[PDB]
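how would this look folded up:
(one chain, ligands or ions: 1)
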Amino acid sequence: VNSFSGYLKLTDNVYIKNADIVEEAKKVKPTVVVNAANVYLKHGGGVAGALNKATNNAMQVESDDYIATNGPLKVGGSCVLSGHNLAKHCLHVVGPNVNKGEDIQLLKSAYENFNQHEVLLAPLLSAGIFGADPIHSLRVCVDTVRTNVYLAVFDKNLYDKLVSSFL
Ligand SMILES: CCc1c[nH]c2ncc(-c3c(C(=O)O)c(C)nn3C)cc12
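Numbering: from 1, shown residues only. This is the structure:
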């Protein structure tokens, strides 16, 4: 039993809810919240900008030190950093950004990072300002992640479309 509430069950291990991932993280304080990161961990907008703002920019300060030491992530890669006031840990995962021409096949590699964590609160990778089709992102998630994932979808219209079209 865990503390996640109000989710629709899609499969044995995937759950989905119309929610703001920031407010959901604040309320549950999950072990892991996933950030929709870019390779530079520049958390300017989208999910990343919202998560970072909620940490009062502490996520960005930590991230800048990480990049200065380690260099950029790979598209499809991830790193574990602090969850600050939102979670124990933040798993920063880089899905391909279609608006940069990145290969959508890398979306499966991105979701494979979730399998290193037993339970996660997450957005749909490569959705929103990353330009991919969220219906496709949900399909890759379900077909790749084997651990227990709780997906937060900000847009109510999109959430209803994702549920109604789910095979
Ligand atoms: C609609 C207003 C809004 C405020 N904050 C948001 N955060 C994320 C998304 C969003 C998501 C998500 O993860 O829910 C996905 C997937 N695509 N898009 C575009 C939308 C908003």
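
Please save the CA atoms from stretch 131-139 in CSV.
These are the backbone C-alpha positions of stretch 131-139, laid out as CSV (Å, rounded to 0.1, in the frame of the first residue of the first chain):
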residue,chain,number,x,y,z
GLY,A,131,7.1,18.1,-28.8
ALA,A,132,6.2,14.4,-28.9
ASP,A,133,2.8,12.9,-29.1
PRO,A,134,1.7,12.3,-25.5
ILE,A,135,-0.5,9.3,-26.6
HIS,A,136,2.7,7.8,-28.0
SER,A,137,4.6,8.6,-24.8
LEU,A,138,2.1,6.8,-22.7
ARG,A,139,2.3,3.8,-24.9
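
Report whether that stretch contacts the ligand.
Yes. Against the ligand, stretch 131-139 shows contacts by C-beta under 6 Å from any ligand atom at residue 134. All C-beta spots, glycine's among them, are computed from the backbone N, C-alpha and C.

Please apply the same query to stretch 51-65.
No. Residues of stretch 51-65 contacting the ligand under C-beta under 6 Å from any ligand atom: none, with a closest distance of 10.1 Å.

Okay, buried residues for that stretch please.
Going by neighbour count (16 or more other C-beta atoms under 10 Å), the buried part of stretch 51-65 is 51, 52, 54, 55, 59, 60, 62, 63.

Helices - which of the residues you listed land there?
51, 52, 54, 59, 60, 62, 63 (DSSP state H).

Which single one of those is nearest to the ligand?
Nearest to the ligand among these: residue 51, at 10.1 Å, using C-beta to the nearest ligand atom.

The residue nearest to the closest one when sequence neighbours are not counted: what secondary structure?
Counting by C-beta to C-beta, 6 or more residues apart in numbering, residue 51 lies nearest to residue 35, which is 5.5 Å off, once chain neighbours are set aside. What DSSP: H, G, I helix; E, B strand; the rest coil gives for residue 35 is strand.

which parts of the protein sit against the ligand?
Residues of the chain lying near the ligand (C-beta under 6 Å from any ligand atom): 47, 123, 124, 127, 128, 134, 153, 154, 155, 158.
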